[PDB]
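Colleague: Structure below; questions to follow.
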Amino acid sequence: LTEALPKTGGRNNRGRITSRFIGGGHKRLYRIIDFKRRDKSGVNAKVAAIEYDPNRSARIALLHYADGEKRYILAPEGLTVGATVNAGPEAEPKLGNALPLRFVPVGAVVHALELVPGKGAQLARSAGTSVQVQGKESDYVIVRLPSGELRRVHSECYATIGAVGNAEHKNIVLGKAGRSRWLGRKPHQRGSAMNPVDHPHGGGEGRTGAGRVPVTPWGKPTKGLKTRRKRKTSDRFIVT
Amino acid sequence: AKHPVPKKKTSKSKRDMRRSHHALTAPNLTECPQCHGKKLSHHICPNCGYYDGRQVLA
RNA sequence: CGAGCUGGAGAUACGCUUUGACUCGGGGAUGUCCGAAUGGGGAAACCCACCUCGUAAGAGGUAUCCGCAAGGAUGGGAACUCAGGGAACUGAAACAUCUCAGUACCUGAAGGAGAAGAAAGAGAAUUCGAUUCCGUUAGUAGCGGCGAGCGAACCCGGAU
RNA sequence: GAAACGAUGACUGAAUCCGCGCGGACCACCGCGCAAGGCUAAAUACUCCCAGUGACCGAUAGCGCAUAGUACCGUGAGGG
RNA sequence: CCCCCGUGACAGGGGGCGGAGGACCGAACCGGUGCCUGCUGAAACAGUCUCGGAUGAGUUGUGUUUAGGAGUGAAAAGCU
RNA sequence: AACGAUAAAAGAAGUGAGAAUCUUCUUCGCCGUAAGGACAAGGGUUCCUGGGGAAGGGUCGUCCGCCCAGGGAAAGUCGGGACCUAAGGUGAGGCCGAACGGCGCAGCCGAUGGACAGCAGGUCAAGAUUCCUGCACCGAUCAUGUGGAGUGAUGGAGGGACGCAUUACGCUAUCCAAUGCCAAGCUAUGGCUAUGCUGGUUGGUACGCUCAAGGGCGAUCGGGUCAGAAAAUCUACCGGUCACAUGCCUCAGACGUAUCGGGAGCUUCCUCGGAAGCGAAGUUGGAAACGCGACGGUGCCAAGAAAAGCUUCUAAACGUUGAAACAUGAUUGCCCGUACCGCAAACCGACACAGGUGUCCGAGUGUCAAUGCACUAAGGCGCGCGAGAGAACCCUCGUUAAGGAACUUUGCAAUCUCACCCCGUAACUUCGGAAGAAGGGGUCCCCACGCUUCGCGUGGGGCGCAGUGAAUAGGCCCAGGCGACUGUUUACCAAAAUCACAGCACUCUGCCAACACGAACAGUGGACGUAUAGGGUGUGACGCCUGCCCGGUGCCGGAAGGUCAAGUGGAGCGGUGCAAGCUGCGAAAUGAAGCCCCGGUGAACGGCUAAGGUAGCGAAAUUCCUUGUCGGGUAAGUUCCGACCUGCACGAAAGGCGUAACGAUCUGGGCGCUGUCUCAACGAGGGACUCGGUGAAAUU
Ligand SMILES: CC[C@H]1OC(=O)[C@H](C)[C@@H](OC(=O)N2C=CC[C@@H]2c2ccc(NC(C)=O)cc2)[C@H](C)[C@@H](O[C@@H]2O[C@H](C)C[C@H](N(C)C)[C@H]2O)[C@](C)(OC)C[C@@H](C)C(=O)[C@H](C)[C@H]2NC(=O)O[C@@]21C
Ligand SMILES: [Mg+2]
Ligand SMILES: [Mg+2]
Ligand SMILES: [Mg+2]
Ligand SMILES: [Mg+2]
Ligand SMILES: [Mg+2]
Ligand SMILES: [Mg+2]
Ligand SMILES: [Mg+2]
Ligand SMILES: [Mg+2]
Ligand SMILES: [Mg+2]
Ligand SMILES: [Mg+2]
Ligand SMILES: [Mg+2]
C-alpha cells in the first residue's frame with residue numbers, strides 16, 4: 001500500500017455520454033508510473049516490491065534508485081524483489097533495463113516502447129504483450145508490435161527488456177454479471193433489441209437483422225476506418 | 001362517469017308533490033299540574049321538575 | 001402666495017403659522033443597502049478584508065477596457081433607425097424552383113431621431129446637377145415551374 | 001437568361017490625362033462621369049411622457065385594472 | 001491451514017478448523033405477484049390480505065452534471 | 001350520497017345565553033421499534049398569556065393549528081462564517097468562434113467530507129452545552145517571574161490518509177434479581193401480618209503508592225549527492241552499532257477519599273392549586289452494545305478522496321543588552337442560526353386528505369434468537385357528527401350435516417400445512433445440489449437423580465378434548481414448454497418466454513487510435529488507457545455440435561482495359577473596326593477518387609436461378625387440413641404426455657439439440673384440504689333503514 005493521486009470517475013465529456021456504457025466500479029486511486037525513465041540514466045535501482053495496481057492489467061514494480069527517489073515501473077514477466085536495474089545507453093540488455101533500440105539486439109523481446117524520444121512508453125503496456133526487435137535500418141529500427149504489424153521506430157526511442165507481467169488474463173473468467181460491474185456498466189445493449197428511432201437495427205416484429213451497421217450510420221465487419229496520413233511512411237505491412 | 005343520472009329536470013309541480021308528506025307534527029303539549037308551564041306526556045315537567053313529586057333540580 | 005396648515009386617512013393627541021407657515025416655481029445640501037455594480041466573496045439587498053487620513057466615532061480609496069494624462073467607455077430605454085444572422089405555417093387548390101419574406105424572431109450598435117449624402121451618377125435631351133421624403137409615372141417596362149404570382153426607374157409636380 | 005453594372009469568400013492582380021469608368025453580351029462611333037479618403041444641418045419615422053380635441057367607450061363597454069400586474073395559478077419562463 | 005486412511009491409469013475420502021456466497025429464512029428498507037375493495041375514491045394509481053428482493057448488478061441523503069429531433073434508457077418509443 | 005379507517009366509551013362535577021362535543025375528576029379502551037421521544041429538511045409565529053366567537057372546523061362549540069392584542073427566542077466552547085478542500089462551478093493571462101458566446105492552467109467559489117475549546121445541575125406561562133449556580137477549557141493582547149539565547153516561510157519532508165467481511169479480550173451506556181439497604185403506611189374479601197405489598201437504590205469534578213484488559217512505540221553515529229528547485233540539523237536510500245520475551249509510553253474503565261449535584265419522599269402556606277424549605281439509602285450477584293479501549297486480530301479483491309490545521313526542516317529576515325517556551329495574574333470574547341411543528345391537522349400532496357418524507361434513541365415479561373409476535377412501562381392517543389334499530393342487498397369476518405373440485409376458462413378464492421428438537425428422506429445431477437424432499441414422532445405441570453448454563457437428559461407421577469394450549473407460523477408431489485442462473489422492464493391495464501447477464505464469435509483500431517460530443521486547426525470523452533487494450537455488431541451458462549450455395553447485394557483485394565470532373569490545351573468557328581486590335585463560342589489529347597469488369601468472402605445481408613437440408617428435432621410458443629393416427633391417463637380426455645412423419649410453412653451463433661439447479665413464468669396430472677360447488681344456513685361487525693345536526697353530484 002503506497003503513495004499516488006486520485007483518479008475520479010467520469011464517462012461523458014464537457015457535456016453528454018460520448019463513450020457508450022462505462023459507469024460502475026470500485027474507487028481506485030491513480031499510481032504515477034515511470035514511462036520515460038530518461039532522467040534516471042546511470043543510476044541503479046533495487047526492486048523494492050511488485051504491487052496490485054488497478055487502472056492497468058499489468059503488474060507494477062516499486063523501484064528505488066540509490067539517490068533516494070522511489071518510482072513505480074511496469075513490472076515485467078520474470079522480475080523479482082532485490083534484482084537491481086539501471087537505465088541509459090550505458091546499460092545491459094537484462095530484465096527491466098531501459099535502453100534505446102540501437103543498443104537493443106535483434107530478436108530480443110521488449111515492452112514499454114516509445115514512439116518519439118522523450119514522451120514515454122506507448123507500445124506493449126498490457127500484461128503479456130511484447131515487441132520483438134526485427135532488425136536495424138537507418139536511424140530507425142523495424143519491430144513486431146503485439147498486433148503483428150511491423151513499424152519503423154527510430155532507434156533513439158527507449159524500451160524495457162522482457163515481456164510485460166501479469167502472466168495471463170485467462171484463469172480470470174469473470175463468472176457473474178457484476179464482476180463486469182466491479183469495473184464497467186452494463187455493456188453491449190443490442191441495437192436489435194432497440195426501436196427504429198433509437199438505432200438502425202431496431203424494430204420489426206420479433207428477433208431479426210438487415211444490412212449490418214453501428215449505433216450511428218457506418219458498417220462494422222470489415223471497413224477500413226484508418227485515415228490517409230503521414231505515419232503510413234514509418235509503417236510496413238498492416239493486416240492483423 | 002356518474003352511471004344512473006336524471007333524464008329531465010323535475011317540474012316545480014312534481015318536486016312539490018313529493019313534498020306532501022314532509023310537514024312536521026306539532027307536539028301534543030299538556031298543561032302542567034303544579035307550575036302549569038307546558039310538558040310532554042310521560043316526561044318530567046321542564047319548569048318545576050315534577051312527576052307527581054319533584055324529581056329534578058330547579 | 002396671502003391664512004391657513006398639521007400626506008391619501010376620513011382618527012385622537014401635540015403643535016406650527018402675517019418676525020409670512022401650507023402650497024406652487026427654481027436651485028442647493030443630505031441620500032443606508034442591492035443593482036453596470038466597480039475591493040474580494042456571494043444563493044441581490046448580505047458576508048469578509050486591506051490602505052490612507054483620523055480624537056474613538058467616523059470620512060475617503062481599492063473592477064476591467066482606451067489612452068502621457070486630461071477625459072472617455074461598460075448598464076438602462078415603449079416604439080422608430082441601421083447592421084450581423086435569419087424561419088415555418090401559408091399560397092402555388094398536391095410539391096421541390098418560386099411564394100409567405102429578408103416578414104417573425106435572436107443578436108450588435110446608436111440617437112432624439114436615424115439612415116443616406118456632394119456623381120467613376122441618372123439617361124438619350126450633347127437635358128439634369130448630393131441625399132431623404134410625398135404625389136405621379138404605373139400594375140407601365142420588366143420578372144416568373146412565363147404558373148401562383150412579383151413588380152421598377154427616368155420625365156414631370158411638391159416638402160426641404 | 002443574350003445578363004451588363006454593383007458587391008466579395010478563394011485565386012490572380014492594370015493603366016496615370018494622345019490616361020481611366022460607365023452607357024444591359026460584345027465591337028466601332030457618338031455621349032455622360034474623375035473610384036480605390038473623411039465630415040455634414042433640413043424635410044422623414046416613432047410615441048414612455050405632456051397638452052388639446054372626438055356623429056370614441058361609459059362598468060360583461062373602455063386599457064388587463066374607475067387601478068392590479070394585485071389576489072390567485074405555475075418549479076419556472078409565464079399566465080391572470 | 002493442521003492432522004487420519006488409500007494406491008491397482010484413477011481421483012479422493014475422514015476428522016478438526018476456518019468463516020466464503022449477485023447462498024438460504026426473515027424484519028426494518030426497497031418492490032408490486034394474485035384476489036377482493038375503492039371506481040363523483042381516504043387517494044388524479046391507493047387499501048387490507050397475499051407475494052419478490054433482503055451483503056448486493058443493494059438501498060438512501062445532501063451537492064452537482066446532461067433537455068427538445070435533444071437528453072437519458074439492464075430497451076417499453078420508457079422517462080424527461 | 002356523504003360527514004375521511006370498526007382504536008370505544010361511560011358517568012359525575014364545573015362553566016356558560018346556549019354544552020354529546022370546552023374544563024376537571026374517576027373508570028374504560030387503543031399504540032408502545034410507536035400511534036413514545038430527539039433532530040434535519042421544509043414551514044413561518046402556527047410557540048406562551050389574556051381575550052374573541054363572523055367566517056374557517058365535514059356536526060356543535062363556551063374550544064382550536066382560526067380572529068385580535070401583548071410577550072417569548074439570550075452561545076468564545078453547539079451548527080455555519082471570519083479555516084480546508086471533492087464533484088461541480090468559475091477563471092487575469094492563454095486557446096476557439098457570424099454576433100450573443102464556447103473552452104481553459106494556476107488561483108478562487110463550492111460540504112454532503114477534514115479541522116477545532118464545556119461538562120453537571122437549576123429554572124419563565126413560553127429559551128437553554130445559549131440565562132443563573134458550581135467548577136473547568138481554548139486562542140489572542142498585555143503586566144510579573146523563571147529562561148538565559150534564537151525564532152524557524154509563500155518553499156521541502158513527515159502527518160492528516162480513509163476498503164469490504166469476519167472476529168479475540170476488557171469495559172461502559174443500559175437491563176434484571178434478591179429475606180442487601182433506605183423510606184412510607186396499610187392492610188380486612190378465606191388467608192398473610194412480613195421472609196407481605198409499594199417506591200427509590202448515585203451523576204460532574206478533584207486528588208489518590210489501589211485493581212486493570214487492551215492499545216502505541218525502535219534509538220544513535222555515519223556515507224553518496226546522483227533524490228526532495230536551492231538549502232536543511234528534516235526526509236528518502238545503503239551501511240555500522242544494542243533491537244527474542246521483555247522493555248518503555250498511554251490508562252477504556254473499575255475502586256478509595258473528598259466535594260458539588262441530584263435523589264424516594266417528607267414539610268409549611270395557599271387567592272384551588274402551585275410556590276418555597278428539608279432530604280433517606282447508595283449493597284451483593286447476573287446480563288450487556290452497533291458505543292468506548294483502539295489506527296486491535298485475521299481474511300479477501302473489485303484494491304478503498306483532497307486540502308488545510310498539525311509535527312519537523314532549512315531560504316530570506318530581524319537577533320544575540322531585552323529569545324522561544326513555561327508558570328501566575330489581568331484583559332478580551334465578532335456575524336448568522338437557536339420559539340413552535342417536524343412519519344405530520346403546522347413539510348409535499350387544492351382539503352384538519354388512510355399516500356409520501358433523510359437520520360437518531362426506542363424500556364419490561366414471555367417466546368432458540370430478534371428492532372418478529374402477544375400483553376404491557378414511560379409516554380401518547382380514542383382518529384371533530386351523534387343517537388336508535390337489528391329488513392332486502394353490499395362489504396370485512398366466524399362456524400358449518402352429508403358429500404369433497406362434482407365449481408370453473410382455470411381449485412380463481414378460501415381452507416389445509418405452519419415454530420423449534422429427534423428420526424427419516426427418492427429420481428436425477430454440473431457432484432454443490434435437488435432437501436424443509438417425501439414421511440414419522442416429540443412438545444404442558446410436578447417430583448427425584450444426573451449434568452455445560454437461560455437450561456437440558458433419564459426416570460416416576462399428574463390434569464384437560466386439546467400442551468409452538470392464545471399471537472407470529474411452508475401444503476406437498478409427478479410430468480412437460482420457455483428462459484441456464486441472481487438481476488431488469490412498460491411511474492398509472494403487460495414482470496414475461498422481454499432486456500441484461502457470465503461465456504462465444506465476426507470485425508475495426510499502432511495512438512493527436514478507431515469512435516463520439518462540438519460554432520471550432522478550440523476543447524473533451526475513449527484513456528492519465530496502448531492490441532492479453534479500446535470501439536461496434538451478433539449470439540447468450542454448460543455439454544455435444546454448427547452443414548450446403550459467393551449468382552444478386554454489401555465488404556476486402558486486383559487493375560490490362562472501357563467510362564469519368566474542374567483544370568491544363570487551344571486547333572477550328574463567328575461578331576465588330578479602314579486597321580492594329582478588342583471580342584462571342586470553342587474540338588482532339590491529357591486529367592482523380594467513384595462505377596462497369598476480375599477474384600475472394602457466411603458466427604457478411606441472405607438462400608435451401610449460385611445451390612436445393614449435414615447432424616439433430618418434428619402435428620412443435622412453428623401443423624392449414626385437424627379433435628391427424630395409435631398408445632398412456634379418465635367412467636368419459638378438442639387439452640396434456642409418448643410414439644409415428646404427410647415438416648401447408650423446423651434446422652444449426654435471425655444458433656440446432658440437450659441439460660442438473662433456479663422461476664410471484666406458462667401447461668397437464670396426482671395426494672391433501674376445503675362453502676368453489678350440490679345448496680345453502682346460522683351467527684357477527686360496518687353500511688344500507690329511522691330521528692336530530694350539516695348537506696354535495698353528474699344530468700336536465
Ligand atoms: C373507471 C371510470 C372510467 O371508466 C372506465 O375506465 C370504464 C372501464 C370504461 O369502460 C369501458 O371501456 N368499457 C365499458 C363497456 C365496454 C368497455 C370495455 C370494453 C372492453 C373491455 N375489455 C376487457 C376484456 O377488459 C373492457 C371494457 C369507460 C366507461 C369508457 O367508456 C367506454 O368507451 C368505449 C370506448 C365505448 C363504450 N361504449 C360507448 C360502448 C364506453 O362505455 C371510457 C373510454 O373510459 C375509459 C369512457 C370515457 C368517458 C372516460 O374516460 C371516463 C371519463 C372514464 N375516465 C375515468 O377516470 O372515469 C371513467 C368513467
Ligand atoms: Mg350598471
Ligand atoms: Mg398596470
Ligand atoms: Mg416472506
Ligand atoms: Mg421465497
Ligand atoms: Mg476546472
Ligand atoms: Mg350509527
Ligand atoms: Mg319501532
Ligand atoms: Mg422433449
Ligand atoms: Mg429468466
Ligand atoms: Mg427472478
Ligand atoms: Mg338526517
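By convention in this document, the chains of the C-alpha cells carry letters A, B, ... by their order, each chain's residues are numbered from 1, and ligands are numbered from 1 in the order they are shown.
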List all protein, DNA and RNA residues that have an atom no more than 9 Å from any atom of ligand 11, counting only C-alpha atoms (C1' of nucleotides) and all ligand atoms, and report them as a PyMOL selection string.
Modeller: (chain E and resi 52-53) or (chain F and resi 486-487+662-663)
Colleague: For the residues in that selection, give me N, CA and C atoms (P, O5', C5', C4', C3', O3' and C1' of nucleotides) as a PDB file, in the first residue's frame.
Modeller:
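Written output follows (out00.pdb):
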ATOM      1  P     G E  52     -42.436 -14.782  -1.722  1.00  0.00           P
ATOM      2  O5'   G E  52     -41.819 -13.739  -2.773  1.00  0.00           O
ATOM      3  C5'   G E  52     -41.685 -14.028  -4.157  1.00  0.00           C
ATOM      4  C4'   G E  52     -40.668 -13.125  -4.839  1.00  0.00           C
ATOM      5  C3'   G E  52     -39.459 -12.717  -4.014  1.00  0.00           C
ATOM      6  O3'   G E  52     -38.443 -13.639  -4.158  1.00  0.00           O
ATOM      7  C1'   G E  52     -40.417 -10.752  -4.920  1.00  0.00           C
ATOM      8  P     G E  53     -37.438 -13.980  -2.970  1.00  0.00           P
ATOM      9  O5'   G E  53     -36.443 -12.728  -2.954  1.00  0.00           O
ATOM     10  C5'   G E  53     -35.574 -12.450  -4.031  1.00  0.00           C
ATOM     11  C4'   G E  53     -34.968 -11.061  -3.960  1.00  0.00           C
ATOM     12  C3'   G E  53     -34.088 -10.719  -2.769  1.00  0.00           C
ATOM     13  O3'   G E  53     -32.770 -11.257  -2.894  1.00  0.00           O
ATOM     14  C1'   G E  53     -35.603  -8.980  -3.111  1.00  0.00           C
TER      15        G E  53
ATOM     16  P     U F 486     -32.869 -16.850 -11.287  1.00  0.00           P
ATOM     17  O5'   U F 486     -31.871 -15.837 -10.544  1.00  0.00           O
ATOM     18  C5'   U F 486     -31.861 -15.914  -9.147  1.00  0.00           C
ATOM     19  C4'   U F 486     -30.963 -14.900  -8.506  1.00  0.00           C
ATOM     20  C3'   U F 486     -31.378 -13.454  -8.627  1.00  0.00           C
ATOM     21  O3'   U F 486     -32.458 -13.060  -7.791  1.00  0.00           O
ATOM     22  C1'   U F 486     -29.121 -13.622  -9.147  1.00  0.00           C
ATOM     23  P     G F 487     -33.744 -12.295  -8.381  1.00  0.00           P
ATOM     24  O5'   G F 487     -33.167 -11.032  -9.190  1.00  0.00           O
ATOM     25  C5'   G F 487     -32.477  -9.969  -8.522  1.00  0.00           C
ATOM     26  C4'   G F 487     -31.613  -9.151  -9.463  1.00  0.00           C
ATOM     27  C3'   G F 487     -32.332  -8.188 -10.390  1.00  0.00           C
ATOM     28  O3'   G F 487     -32.649  -6.955  -9.724  1.00  0.00           O
ATOM     29  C1'   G F 487     -30.788  -9.436 -11.655  1.00  0.00           C
ATOM     30  P     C F 662     -33.978 -26.019  -7.376  1.00  0.00           P
ATOM     31  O5'   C F 662     -34.019 -24.532  -7.944  1.00  0.00           O
ATOM     32  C5'   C F 662     -33.300 -23.531  -7.238  1.00  0.00           C
ATOM     33  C4'   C F 662     -33.117 -22.290  -8.083  1.00  0.00           C
ATOM     34  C3'   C F 662     -34.394 -21.600  -8.534  1.00  0.00           C
ATOM     35  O3'   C F 662     -35.147 -20.990  -7.497  1.00  0.00           O
ATOM     36  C1'   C F 662     -33.072 -21.746 -10.347  1.00  0.00           C
ATOM     37  P     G F 663     -36.738 -21.034  -7.636  1.00  0.00           P
ATOM     38  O5'   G F 663     -37.036 -20.281  -9.034  1.00  0.00           O
ATOM     39  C5'   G F 663     -36.636 -18.896  -9.243  1.00  0.00           C
ATOM     40  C4'   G F 663     -37.650 -18.082 -10.026  1.00  0.00           C
ATOM     41  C3'   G F 663     -39.022 -18.332  -9.469  1.00  0.00           C
ATOM     42  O3'   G F 663     -39.668 -17.199  -8.786  1.00  0.00           O
ATOM     43  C1'   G F 663     -38.871 -19.126 -11.776  1.00  0.00           C
TER      44        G F 663
END
Colleague: So that I can check the surroundings of stretch 294-301 of chain F, please list as an MDAnalysis selection string every protein, DNA and RNA residue that reaches within 8 Å of it, counting only C-alpha atoms (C1' of nucleotides) and ignoring chain neighbours fewer than 4 positions away.
Modeller: chainID F and resid 165:168 214:215
Colleague: Return the single residue from F:612, F:403, F:606, F:107 that is closest to chain A, with distances computed using only C-alpha atoms (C1' of nucleotides).
Modeller: F:606
Colleague: When the cut-off is 9 Å and you count only C-alpha atoms (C1' of nucleotides) and all ligand atoms, which residues lie near ligand 4, shown as a PyMOL selection string?
Modeller: chain E and resi 25-26+51-52
Colleague: Only residues of chain F matter here; which ones have an atom within 9 Å of chain B, counting only C-alpha atoms (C1' of nucleotides)? Give them as an MDAnalysis selection string.
Modeller: chainID F and resid 697:700
Colleague: Name the residues in contact with residue A:210 at a cut-off of 12 Å, using only C-alpha atoms (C1' of nucleotides), excluding same-chain residues fewer than 2 positions from it; report them as a list in words.
Modeller: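 Using only C-alpha atoms (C1' of nucleotides), the neighbours found are residues 191, 192, 200, 201, 202, 203, 204, 207, 208, 212, 213 and 219 of chain A; 537, 538, 553, 554, 604, 605, 606 and 654 of chain F.
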Colleague: Could you please select, counting only C-alpha atoms (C1' of nucleotides), the residues of chain A within 7 Å of chain E and state them as a list in words?
Modeller: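 In the required form, that comes to residues 15, 16, 176, 177, 178, 181, 186, 193, 194 and 195 of chain A.
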Colleague: Could you check the closest approach to ligand 10 for each of F:653, F:499, F:375, F:12 and tell me which residue wins, using only C-alpha atoms (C1' of nucleotides) and all ligand atoms?
Modeller: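 Answer, going by the shortest atom-to-atom distance: F:499.
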Colleague: List all protein, DNA and RNA residues that have an atom no more than 10 Å from any atom of ligand 7, counting only C-alpha atoms (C1' of nucleotides) and all ligand atoms, and report them as a PyMOL selection string.
Modeller: chain F and resi 386-389+686-687
Colleague: Next, write the just-selected residues to a file, as a PDB file, in the first residue's frame, keeping C-alpha atoms (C1' of nucleotides) as the atom set.
Modeller:
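This is the output file again.pdb:
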ATOM      1  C1'   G F 386     -74.361  11.942  17.064  1.00  0.00           C
ATOM      2  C1'   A F 387     -78.228   8.561  18.584  1.00  0.00           C
ATOM      3  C1'   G F 388     -81.647   4.401  17.521  1.00  0.00           C
ATOM      4  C1'   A F 389     -82.812  -0.059  15.034  1.00  0.00           C
ATOM      5  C1'   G F 686     -69.508  -1.767   9.212  1.00  0.00           C
ATOM      6  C1'   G F 687     -73.081   0.398   5.676  1.00  0.00           C
TER       7        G F 687
END
Colleague: Please find the residues contacting ligand 10 at a distance of at most 9 Å between atoms, with only C-alpha atoms (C1' of nucleotides) and all ligand atoms counted, and report them as a PDB file with C-alpha atoms (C1' of nucleotides), in the first residue's frame.
Modeller:
ATOM      1  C1'   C F 482     -39.721 -21.422 -22.440  1.00  0.00           C
ATOM      2  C1'   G F 483     -35.536 -18.959 -20.294  1.00  0.00           C
ATOM      3  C1'   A F 484     -29.424 -21.530 -17.802  1.00  0.00           C
ATOM      4  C1'   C F 485     -28.823 -18.964 -13.051  1.00  0.00           C
ATOM      5  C1'   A F 496     -42.993 -12.197 -19.074  1.00  0.00           C
ATOM      6  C1'   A F 497     -40.995 -16.697 -22.909  1.00  0.00           C
ATOM      7  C1'   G F 663     -38.871 -19.126 -11.776  1.00  0.00           C
ATOM      8  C1'   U F 665     -43.350 -17.830 -15.747  1.00  0.00           C
TER       9        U F 665
END
Colleague: Could you list, as a PyMOL selection string, all the residues within 10 Å of ligand 12, counting only C-alpha atoms (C1' of nucleotides) and all ligand atoms?
Modeller: chain F and resi 690-695
Colleague: Return as a ChimeraX atom specification the residues of protein, DNA or RNA that approach ligand 6 to within 12 Å, with only C-alpha atoms (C1' of nucleotides) and all ligand atoms taken into account.
Modeller: /A:14 /F:87-91,103-109
